[PDB]
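So the structure is just underneath, and the comments pick up after that.
We did not get these values from a lab; they are worked out from the coordinates using the rules stated. Cβ coordinates were reconstructed from backbone atoms using ideal geometry, including for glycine residues, and neighbour counts include every protein chain displayed.
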Amino acid sequence: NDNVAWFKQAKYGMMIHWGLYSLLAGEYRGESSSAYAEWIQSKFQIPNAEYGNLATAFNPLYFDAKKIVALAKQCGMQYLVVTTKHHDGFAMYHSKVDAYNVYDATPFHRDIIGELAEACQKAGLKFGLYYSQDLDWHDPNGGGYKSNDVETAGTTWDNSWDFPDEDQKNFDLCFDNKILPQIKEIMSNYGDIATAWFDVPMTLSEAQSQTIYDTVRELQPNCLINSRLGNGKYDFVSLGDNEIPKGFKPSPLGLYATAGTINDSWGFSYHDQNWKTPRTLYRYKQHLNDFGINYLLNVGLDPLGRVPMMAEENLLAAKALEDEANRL
Amino acid sequence: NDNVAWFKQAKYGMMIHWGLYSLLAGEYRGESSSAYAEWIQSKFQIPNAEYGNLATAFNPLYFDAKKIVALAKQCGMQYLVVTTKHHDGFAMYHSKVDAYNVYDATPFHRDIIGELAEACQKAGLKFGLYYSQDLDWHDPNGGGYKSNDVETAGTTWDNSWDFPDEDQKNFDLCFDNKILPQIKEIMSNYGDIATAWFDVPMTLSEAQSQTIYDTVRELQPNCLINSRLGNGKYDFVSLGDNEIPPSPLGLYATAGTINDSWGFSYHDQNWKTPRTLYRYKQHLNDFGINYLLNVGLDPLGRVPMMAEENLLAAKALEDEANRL
Amino acid sequence: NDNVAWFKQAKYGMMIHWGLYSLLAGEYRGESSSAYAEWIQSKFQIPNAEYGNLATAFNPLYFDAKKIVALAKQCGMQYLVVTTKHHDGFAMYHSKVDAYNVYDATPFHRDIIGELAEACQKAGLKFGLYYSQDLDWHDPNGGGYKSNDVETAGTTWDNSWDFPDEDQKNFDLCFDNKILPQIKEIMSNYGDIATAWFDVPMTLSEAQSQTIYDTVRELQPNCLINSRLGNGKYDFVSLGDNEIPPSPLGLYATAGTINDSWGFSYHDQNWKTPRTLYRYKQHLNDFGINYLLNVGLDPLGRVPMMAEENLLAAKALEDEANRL
Amino acid sequence: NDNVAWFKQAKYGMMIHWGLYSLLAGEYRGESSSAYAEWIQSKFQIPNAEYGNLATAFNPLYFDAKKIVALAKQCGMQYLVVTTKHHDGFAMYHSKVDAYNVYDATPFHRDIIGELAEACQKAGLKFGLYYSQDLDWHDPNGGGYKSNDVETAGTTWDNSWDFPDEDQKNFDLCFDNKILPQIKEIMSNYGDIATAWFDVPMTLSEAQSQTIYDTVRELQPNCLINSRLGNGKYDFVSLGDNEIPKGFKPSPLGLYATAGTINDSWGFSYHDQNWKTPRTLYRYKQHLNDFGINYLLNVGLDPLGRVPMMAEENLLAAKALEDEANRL
């Protein structure tokens, strides 16, 4: 595994947040989403009935994996991570296990994870995946229902509106039927997976944590796994903003990575125009790389599946400043 | 016609700019539209082939004429004007003459002009219409091709990219086949039409100007017609920002937007403050001018959050001031 | 003390953040301050030599206590709290103990705390005070030097740049010579003090905490004291955003800003909408919590245009809702 | 005069808008200025009594000609133009003719035009000047009083509030006593003047127009004069946005220049955060230079005499993109 050595020198990567939440764009019935526009279903407790129907409008005419990767490559990013399934429970790939997915449920009728995976392979970029293994608002036994004693970017961590029976909920049902199967699907198809990013488990047993680890190992041996998953079930540690240099779970390979956004939201949002300046993006990348931390910078694709104009402008301007500085 | 008397005391009205241009939202291939996001097809000379295909994505799940009118009524607006067909040539009604329309060409498969017309009738608001009688970028013989000696919010006034033959163009073909017929359609259906707003003709004969006037008169007698159409072919005059302080009825109206674009746009967040909207309305009404304030509906057919907030805040300030 | 009963029904109050930090306006040598523009001295570790010199530029021509209070009263705010001295150590009153103050050190040469105190009295508003009893970046033995094991809105909690000798620092020197004396000054002059807001002590002994409590009690008996000061040394509790849905009187209050900064800042245009301000006030008042909404005065001592607009628009919506 | 040849290859220049209007910052008594924050005195018809008093607050601690020029030079700008006196009538130099100036009337007590002129000389940049030869709101017989039949960025073109006697006004009084003398002062001192930018005359006789031309010629022979001044009294033509390629006064030397701002205001303004993107600044410069037009890009200094943070960021980012493009 010299995939470890490559990750040491990778430095820069593109993250993609895309789903049904992108269509609403941080706006619901004349009122604003939280800082996080992807959390909008939980924020307004939108019935799966209504939220799911967004799938019927999902027809991103200007989606183009080739261009998205081409941009990423031109900004010097060596890998591309993408959301296979967020908390909303909607898969952005052709899931055999659940028909609540982009291919089956939308007019678009195309596997986005597939196109990106291929585009990356052809452009010579590594391909990473992200999957919400705990939270699933579409699933009756969705995770988080025994972990609401803290506030969120929405309301509850689980779907407490469609399924108001915390006392008679059992995540084991959700894990065996959707989670473990869907993780197999994405790790089986879409060629070589170089990175796998998971959420901090809240309603997940140690068995279920170890299960996923083994599942990824058996299917994608060379795949580097994120620390969020389990304390003895990772390769590289994900540092979360407040864990950045001027408790700490040991990194035995000495691999570190920090996910960040260009504006204040991961999912796309009309009202969020607070785009980090070219200078800020370059300077933060510089700081993280100097402390041996990979910078995973997120683009939130819009309803037509385009990179927001200002997101592109600033990504390219940040590259220019970096290049100009490396000659000076 | 006491429709004249009502227009004198109308004061406030809602304008709706909605079409395929709303889906792009002032953004095309990583580059920004002009101040006017509705002019985006001309701005980037987008082939009718590509631009038209936007119709396939047009599925506004959260469109609701009832609510849009309810908002308008709550802000004190007495009439609602809507775009039947803009310069893009795409009809937002069920046009028998052209299949390039919301009902036939989109998954949505619904007559928006119809729903709004009905919603207005039931809510007790008058219903106005707007139609681009000159410019049509979808039509081979689209107007503006003999009037490019001045700059626009796009490139050329006409579709000079799909149809680059200015020398062998003839608008008479476009007028007889699409324009006059489509004006009949909207003025025939959708109940009583109280106002009709037209563009300044550039490539339109006096005959064609008088034709439309007579067509509207014959179909909608009570309908008040905008001055833009023709010098002896109107009831009320439209003042254009720089004309703010002959109308034989003594009727005047000024169209304005909440931000800087008529059509919806992501990057345009320059929403006029509640205070500005109220103060401008106050000024225009005090000089006997009707304020037609435009909402540019987004891809899901929603009133932009900040557009709603400011419209309602502007009403509050007006109400608070009328008690004080 | 029916000052307790009044605080129960007070509901709305104005907060004022003003000092030398207001002149820089979240900007230093081509680079941005934190979310908190008042913390700018710590953020860039600006020498007291340089930062203090800002006093020479402090000449706010358009400062007017009368108008500031008049605005507050028109928005329905029943009391006005003001910064006597922030972490920067610069007093905004005529301090006999330290010449590092607005009256002595500036061309302005006027006691701002005085004018506001008077303006409030004449307008029929209660007058509150805020004093940084722990942190003082101007003082050699400024507090926070044994509490840097956590991150701030600047760099260190103390002035670690002018005075880099944490090992040979002693806060007792600072407390006896500046803090206790200056607290006496503000609580002695400027008429009746109805509220007193203090910071969470980090480098303050229980003795020093009790000292301040007794000092305020002896000088301003009717004055309600904030919970931040000491666990058995308050009347009302200050809830800090994340504490929103023991107080023996059953009194609670939450401080908030209109944008994301307390001190004024050019680049911070993220003004909470009229709707947001009203709705948050409504929520807090419904849960028996007083809303203390902060205005950060600009270099000329003006209420920022958008701060005023939104405060008045928020009042309008509240009034409109109380009739509806 | 090979000053003509240098102007042909100059391409990029910095403009400085600074005065009493900068202290108000597009804000007066809770209400906003026009697009133009420098026009604020006319906008709210602020008495000379009140407006003039701003001089007492003018103490820009962080003003530094060296740094301003250093920035300009680093962005590749070959000359720096500055406002000696705008419409407000307030001179930013040590005027012997009028005590309504930065040196005499302010705590600052320093000649800004001087420091910049020197800073430019030492850094190896040419030095240009701008003077409002027609409009003067401080002068009783200020110009514009017979030209109010059109709307402005304020109210009237002249000071119609302090001096409401259009019928008994005579500009000849203003020209002989302030204008011609003050133009001599700035063209006599502050070393070599390479460029001189004037306003379109509205209330100025042909004699008075020719007078200024001759005055500049006699004092600064090598100085290139702007077309705005007079039809037979210039070297290079100033194109005003709507005169840019995809009536036209002939340019005999073939010299063209276009003034533009980074945001929508010339003078500094708090509420105007509409900063043209790095991409826009570079692309516009590219377009103008390709059509043989010099790009004069304006910085509006703030109350402390600093280049606004975002103005600097975008100027430097625009340089980076230009440099990156000239290697690619």
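Taken residue by residue and averaged, Cβ atoms of other chains lying within 10 Å of the Cβ of C:311-321 number 5. Judged by the ratio a/c of the largest to the smallest principal axis of the C-alpha gyration tensor, segment D:20-156 counts as prolate, that ratio being 1.5 or greater while a/b is larger than b/c. Contact order, relative form, for segment C:27-120: 26 percent (alpha carbon pairs under 8 Å, 6 or more residues apart, mean separation divided by residue count). Rounded to the nearest 20, the size of the Cβ-charge dipole of segment A:184-328 about its Cα centre is 300 debye, with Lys and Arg at +1 and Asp and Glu at -1.
Using alpha carbons only, how many angstrom separate the centre of segment B:101-163 from the centre of segment C:135-179? One Cα centre to the other: 68 Å. In straight-distance terms, cross-link reach from A:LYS67 covers every one of the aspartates and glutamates whose alpha-carbon lies under 13 Å from its own, apart from those fewer than eight places away in the same chain; here that gives A:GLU115, A:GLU118, A:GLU312. Projecting the Cα atoms of D:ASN222, A:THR56, D:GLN210 onto the charge dipole of the protein assembly as shown (Cβ charges, centred on the Cα centre) puts D:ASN222 farthest toward the positive pole. With a cut-off of 15 Å between beta carbons, the residues surrounding C:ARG323 carry a summed charge of -3, where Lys and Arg count +1 and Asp and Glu -1. Can you tell which of C:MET92, C:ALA105, C:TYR62 lies farthest toward the positive end of the dipole of chain C, using +1 and -1 charges on the Cβ of basic and acidic side chains (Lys, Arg; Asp, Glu)? So the residue we want is C:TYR62.
In this rough spin-label picture, where each label sits 7 Å from Cα along the Cβ direction, the A:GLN210-C:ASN285 distance is 5.8 nm. For D:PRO303, neighbours were defined as the other residues whose beta-carbon sits under 14 Å from its Cβ, and their charges (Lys and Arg +1, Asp and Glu -1) total -3. The Cβ shell under 13 Å around B:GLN282 holds other residues with a net charge of +1, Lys and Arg each +1, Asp and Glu each -1. Between C:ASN189 and A:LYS146, the distance separating the two model label sites (each 7 Å from Cα on the Cα→Cβ line) works out to 6.4 nm.
Applying 1/(1 + (r/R0)^6) with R0 = 22 Å to the Cβ-Cβ distance of B:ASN322 and B:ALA70, what FRET efficiency is obtained, to the nearest 0.05? So the FRET efficiency works out to roughly 0.55. For the peptide A:313-324, the mean number of other protein chain Cβ atoms found within 10 angstrom of a residue's Cβ is 6. With a ≥ b ≥ c taken as the square roots of the eigenvalues of the C-alpha gyration tensor of segment A:171-240, please select rounded if a/c is under 1.5 and otherwise prolate if a/b is larger than b/c or oblate if it is not? Because a/c hits 1.5 or more and a/b fails to exceed b/c, segment A:171-240 counts as oblate. With a/c under 1.5 counting as rounded, go ahead and sort the protein assembly as shown into rounded, prolate or oblate using the C-alpha gyration tensor (a ≥ b ≥ c being the square roots of the eigenvalues; past the cut-off, prolate if a/b is larger than b/c, else oblate). It comes out rounded by the Cα gyration axes. In summary, the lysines within cross-link reach of B:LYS73, defined as a Cα separation below 17 angstrom excluding same-chain residues under 8 places away, comprise B:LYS11, B:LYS122, B:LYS126, B:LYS281, B:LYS315. Listed by chain and number, the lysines whose C-alpha is less than 18 Å from the C-alpha of A:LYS96, apart from same-chain residues fewer than 8 away, are A:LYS85, A:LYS178, A:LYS184.
Under the criterion of Cα pairs below 8 Å and six or more residues apart, the relative contact order for segment B:71-115 equals 26 percent.
Can you tell me the FRET efficiency between D:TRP6 and D:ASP264 if r is taken as the Cβ-Cβ distance and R0 is 30 Å, rounded to the nearest 0.05? All intermediate terms of the calculation are to be shown ahead of the outcome.
Values: r = 31 Å, r/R0 = 1.04.
Plugging the Cβ-Cβ distance into 1/(1 + (r/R0)^6) gives 0.45.
For the peptides D:264-271, C:83-90, the ranking by mean Cβ contacts within 10 Å, running from highest to lowest, is C:83-90, D:264-271.
The mean number of Cβ atoms from other chains found within 10 Å of a Cβ in peptide B:69-78 is 0, as a whole number. Around the Cα centre of segment A:148-225, unit charges on the Cβ atoms of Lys, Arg, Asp and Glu (plus for the first two, minus for the last two) sum to a dipole of about 400 debye.
The residue list A:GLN273, A:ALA317, A:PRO47 was ranked by how far each Cα lies along the charge dipole of chain A toward its positive end, using unit charges on Cβ atoms, and A:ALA317 comes out on top. A Förster radius of 56 Å combined with the Cβ-Cβ distance from A:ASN177 to C:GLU31 puts the calculated FRET efficiency at roughly 0.60. For the pair segment A:184-240 / segment A:305-327, the C-alpha centres are spaced 31 Å from each other.
Ranked by the mean number of other Cβ atoms within 10 Å of their residues, highest first, the peptides A:297-303, A:211-217 fall in the order A:297-303, A:211-217.
Only DSSP H runs of four or more residues enter the estimate; each adds -39500 (n - 2.57), and after division by the residues of chain A the mean residue ellipticity at 222 nm equals -9000 deg cm²/dmol.
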